[PDB]
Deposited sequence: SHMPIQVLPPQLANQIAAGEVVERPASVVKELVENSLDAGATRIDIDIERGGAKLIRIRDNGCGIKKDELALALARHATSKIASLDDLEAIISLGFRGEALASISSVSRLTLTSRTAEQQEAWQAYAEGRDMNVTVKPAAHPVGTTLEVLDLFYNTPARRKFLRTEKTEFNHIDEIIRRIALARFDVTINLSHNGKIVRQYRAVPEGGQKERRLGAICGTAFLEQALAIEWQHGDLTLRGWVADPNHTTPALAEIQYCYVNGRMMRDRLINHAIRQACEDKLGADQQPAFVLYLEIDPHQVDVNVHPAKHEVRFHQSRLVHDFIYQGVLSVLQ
């Protein structure tokens, strides 16, 4: 009570938020690419420098942002994706908090360059200072958006110390893009590090090509396609033969909830109870769960790392049977 209850300064409040949603450079790449995805992009170019500690650039060929909404694109709690509780409990987009760009801007030097098909001119914008004041100025750019995040954590020096080696940090970025590339086979994604191209995923409107290109040939050889459907619950993807799964292959344990990369304990357990009951070790897989958004809650973690299902036992059993069925 010595200190008066007071509203935190805009930048500091955003930095507090940034600590919860932006752990490392990979986290920045994750949010910006998901933004690009929500914008209907079909091609995404990601340029990384020094593990992302120096620069993180993401360009997409999405619908872009309107000149008079760029500042809103950087303001707290501002979003174009949802506008009510009804929209929230029926999420149909990767973003919905309207916080990512604001959090990231407060902990780096972020620039937003964009143009819409209806605009003849392009514009760039950036927040700045204790009050996160926004500047919008002229620019040259194609229809679409380019995000530039430089000096990550430069104003929160203590967080930078948690940064691992550049190589390590890039590996986490590379892993994120992997997870995202598996989520959207229809999107072309190019990733470069230090001027050199590391990968270029080709869009698929046979996914076997990309699957192998992303997870390796080893997985593709052991991969068993899945097609499981009940009421409105659907399970797709691939599961490897437990008897022919190695520790290396076990590093591939990806699951998605309505196209959103998730890491659910309920899902993994269901999948294991199936490989255990059959084999009689750690399974390798790439599963996609499709469900009515009303039956799942994705507003549990600020980074969307978790989800909770309204009918927990029903969903678990659905995946169990689904996997178990394929193994036989």
{"property": "Non-modelled portions of the deposited polymer sequence, in sequence order", "result": "206-208, 284-285"}
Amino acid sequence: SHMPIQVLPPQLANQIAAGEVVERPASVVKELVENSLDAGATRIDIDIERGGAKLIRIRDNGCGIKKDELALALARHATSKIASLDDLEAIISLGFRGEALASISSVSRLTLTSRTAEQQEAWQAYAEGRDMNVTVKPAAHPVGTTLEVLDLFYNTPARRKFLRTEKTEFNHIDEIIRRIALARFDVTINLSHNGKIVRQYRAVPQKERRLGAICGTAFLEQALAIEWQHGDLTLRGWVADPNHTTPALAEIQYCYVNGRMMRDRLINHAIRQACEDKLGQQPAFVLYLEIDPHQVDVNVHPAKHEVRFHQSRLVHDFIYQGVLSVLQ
From here on, numbers count along this sequence of modelled residues.
property: Segment of higher mean CA temperature factor, 224-232 or 237-245; result: 224-232
property: Entry-level comparison of average CA B-factors, 174-182 and 251-259, reporting the higher stretch; result: 251-259
property: Highest-ranked of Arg59, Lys66, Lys54, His269 once sorted by CA temperature factor in the record; result: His269
property: Residue, from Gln281, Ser27, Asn299, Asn35, that the PDB entry assigns the highest Cα B-factor; result: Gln281
property: Ranked C-alpha temperature factor of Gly95 among modelled chain residues, by third; result: lowest
property: Modelled-residue ranking by C-alpha temperature factor, third containing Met3; result: middle
property: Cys275 - Cα temperature factor, lowest/middle/highest third of chain; result: highest
property: Third of the chain, ranked by Cα B-factor, where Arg209 sits; result: highest
property: Assigned third (lowest, middle, highest) for the C-alpha B factor of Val21; result: middle
